Engineer: 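Supplied in structure tokens, the structure appears directly below.
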2 protein chains.
Amino acid sequence: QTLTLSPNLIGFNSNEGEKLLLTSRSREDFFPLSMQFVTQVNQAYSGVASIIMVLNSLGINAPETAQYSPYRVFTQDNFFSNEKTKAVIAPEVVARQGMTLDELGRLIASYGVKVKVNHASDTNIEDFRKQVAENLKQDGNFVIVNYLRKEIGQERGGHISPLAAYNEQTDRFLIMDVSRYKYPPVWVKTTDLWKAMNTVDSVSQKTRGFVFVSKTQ
Amino acid sequence: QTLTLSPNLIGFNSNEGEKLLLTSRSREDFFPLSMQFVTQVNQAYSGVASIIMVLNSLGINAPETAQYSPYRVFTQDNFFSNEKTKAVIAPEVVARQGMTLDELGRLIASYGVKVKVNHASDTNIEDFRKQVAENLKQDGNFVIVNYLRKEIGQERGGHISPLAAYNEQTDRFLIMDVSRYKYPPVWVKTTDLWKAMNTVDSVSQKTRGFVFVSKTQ
Ligand SMILES: N[C@@H](CCC(=O)N[C@@H](CS)C(=O)NCC(=O)O)C(=O)O
Ligand SMILES: N[C@@H](CCC(=O)N[C@@H](CS)C(=O)NCC(=O)O)C(=O)O
Ligand SMILES: [Ca+2]
Ligand SMILES: [Ca+2]
Ligand SMILES: [Ca+2]
Ligand SMILES: [Ca+2]
């Protein structure tokens, strides 16, 4: 039960979508993110799924729980075991209204990793293409985006999901969509994704945007 | 945050493992499996995680539950919502002792899908390489392997995980290891994987092996 993609998007679930990855020259992040790819456990945890993909990909030290002990890994359930994390915003609130861009950043920063929040309002499409594309060539850092689905031709509201690769020939980014029951990963034209982050989240009264994540040293 | 690999195995989490994928001509399965890649929810559910990766990739009509409704998708928690699945072996039993190859086959078949169970004792490495390598070239069917982790230099017992791709130059198979907190995906020599399948499961007193899955056309 997958939803159908608007003509403007190229699904990863297609030959075209696979070739956009095999031809892309900015994709170093796809392999680790794919290894950690996860379904948001409820329809408002897209930010939590996205964070744990990134933190697990960065290999930073993970929570110690009964679940997988002795093994340690970020999961959507144990992400909030960090008291500074709940302090930002409680899990039962995220389970209702999700998380804003600034909150996403603080929730990542609660685990001591380096974050840079970019509101669409404080930048422009060129430095986003330039900077994001650069990140996608490098290990040890990642990109998460927060965007209004409606503006790239999907249903519907604000979403969060990491990016895995950029296709230089088509000017499209690959979104590793954590709503896996709903949409496959899609290749979205920078034009559409920009429009999509350049939207005001009523919750924050601030624009959506994108966040760079890396380790502090 | 995983265990270190034995030298005989090339992790997907390396340059070597990444290009073993890019230079394989038997990999059509990797893309849809990668999109469904999950962590087994407890340390005995590797069979259940493997099945749902395959059923979700096959676009088998999925359970209808509250969790993701209106969207329909296989999860480890809703796989046993089908009464004939539970009849094969109860979730509470799988959660303790996992599943044998034979039970793996019957659990898949309980969803009306076409399954061919191959115990190692009734075939041989050469027809395993040939038939799996060709399944990895075709859409609409998938391969799950059951194997003793020791025989490939991993810790430790019988495991289950789907196969994504076969790299002809090296004669290695990519295991999409659902124990994601413990090991990354690994490229394992065909000979090594045969050794591991050709072992007797004390639970079944039968050899381990591999399973082909497809839609009932
Ligand atoms: N207020 C943020 C919320 C971002 C967010 O967390 N969205 C959640 C729902 S509140 C999600 O998981 N959505 C899945 C989807 O859009 O399909 C926004 O509008 O951008
Ligand atoms: N009895 C089967 C069990 C296969 C199985 O279900 N393994 C479970 C444990 S009982 C598992 O999830 N193992 C994870 C791992 O070995 O990494 C065998 O030995 O092959
Ligand atoms: Ca790398
Ligand atoms: Ca990067
Ligand atoms: Ca295909
Ligand atoms: Ca196949």
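Scope of the values below: all heavy atoms of this structure, side chains included, with no hydrogens, waters or symmetry mates. All chains are named by letter (A, B, ...) in the order of the sequence lines, taking the proteins before the strands, and each is independently numbered beginning at 1.
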Engineer: Let me check something: any side-chain donor-acceptor pairs from residues 46-57 of chain A under 3.5 Å, sequence neighbours excluded? List them with distances.
Structural biologist:
{"unit_1": "A:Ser46", "atom_1": "OG", "unit_2": "A:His159", "atom_2": "ND1", "d": "3.3"}
{"unit_1": "A:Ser46", "atom_1": "OG", "unit_2": "A:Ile160", "atom_2": "N", "d": "3.3"}
{"unit_1": "A:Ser50", "atom_1": "OG", "unit_2": "A:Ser46", "atom_2": "O", "d": "2.8"}
{"unit_1": "A:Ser50", "atom_1": "OG", "unit_2": "A:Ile160", "atom_2": "O", "d": "3.3"}
{"unit_1": "A:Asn56", "atom_1": "OD1", "unit_2": "A:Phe74", "atom_2": "N", "d": "3.0"}
{"unit_1": "A:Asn56", "atom_1": "ND2", "unit_2": "A:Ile52", "atom_2": "O", "d": "3.4"}
{"unit_1": "A:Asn56", "atom_1": "ND2", "unit_2": "A:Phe74", "atom_2": "O", "d": "2.9"}
{"unit_1": "A:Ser57", "atom_1": "OG", "unit_2": "A:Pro32", "atom_2": "O", "d": "3.3"}
{"unit_1": "A:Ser57", "atom_1": "OG", "unit_2": "A:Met53", "atom_2": "O", "d": "2.7"}

Engineer: Does the side chain of B:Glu155 come under 3.5 Å of the side chain of B:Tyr183 through a donor N or O and an acceptor N or O?
Structural biologist: no
Engineer: Tell me, yes or no, whether the heavy-atom count around A:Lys195 atom NZ, taken from other residues, nucleotides or ligands under 6.0 Å, exceeds 12.
Structural biologist: no
Engineer: Looking only at side-chain N and O atoms, does A:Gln43 offer a donor or acceptor that is under 3.5 Å from a partner on A:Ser179?
Structural biologist: no
Engineer: With a sphere of 6.0 Å drawn around NZ of A:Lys137, does it hold more than 12 non-hydrogen atoms of other residues, nucleotides or ligands?
Structural biologist: yes
Engineer: Identify the heavy atoms of B:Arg172 and B:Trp187 that sit nearest to each other, and give their distance.
Structural biologist: NH1-O, 2.9 Å
Engineer: Mind checking the OG-CG spacing from A:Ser24 to A:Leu174? Nearest 0.5 Å is all I need.
Structural biologist: 8.5 Å
Engineer: Around atom CD of B:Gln1, are there more than 12 heavy atoms from other residues, nucleotides or ligands closer than 6.0 Å?
Structural biologist: yes
Engineer: Fit a plane to each ring of A:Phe30 and B:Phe30, take the angle between them on a 0 to 90° scale, and name the class: parallel (under 30°), tilted (30 to 60°) or perpendicular (over 60°).
Structural biologist: perpendicular
Engineer: Mind checking the CG-CG spacing from A:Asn124 to A:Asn198? Nearest 0.5 Å is all I need.
Structural biologist: 10.0 Å
Engineer: Does B:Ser81 offer a backbone N or O that forms a donor-acceptor pair with the side chain of B:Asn78 under 3.5 Å?
Structural biologist: no
Engineer: Could you verify whether a donor N or O on one side chain and an acceptor N or O on the other, from A:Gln169 and A:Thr23, lie under 3.5 Å apart?
Structural biologist: no
Engineer: If you look at every heavy atom in B:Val117 and B:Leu101, which pair is closest and at what distance?
Structural biologist: CG1-CG, 3.7 Å
Engineer: Can you tell me how the ring of A:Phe210 sits relative to the ring of A:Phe128, calling it parallel under 30°, perpendicular over 60° and tilted otherwise?
Structural biologist: perpendicular
Engineer: Any chance you could lay out the side chain to side chain contact (heavy atoms under 4.5 Å, CB included) test for B:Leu107 and B:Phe79, step after step, and finish with the verdict?
Structural biologist: CA-CA 9 Å; B:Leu107 285 170; B:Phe79 182 63; 4.1 Å; yes
Engineer: Taking atom types as modelled and ignoring hydrogens, do the side chains of A:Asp171 and A:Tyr166 form a donor-acceptor contact shorter than 3.5 angstrom?
Structural biologist: yes
Engineer: For residues 208-217 of chain A, which residue pairs qualify under side chain to side chain donor-acceptor pair (under 3.5 Å), counting only residues two or more places apart or in two chains?
Structural biologist: A:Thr199-A:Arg208
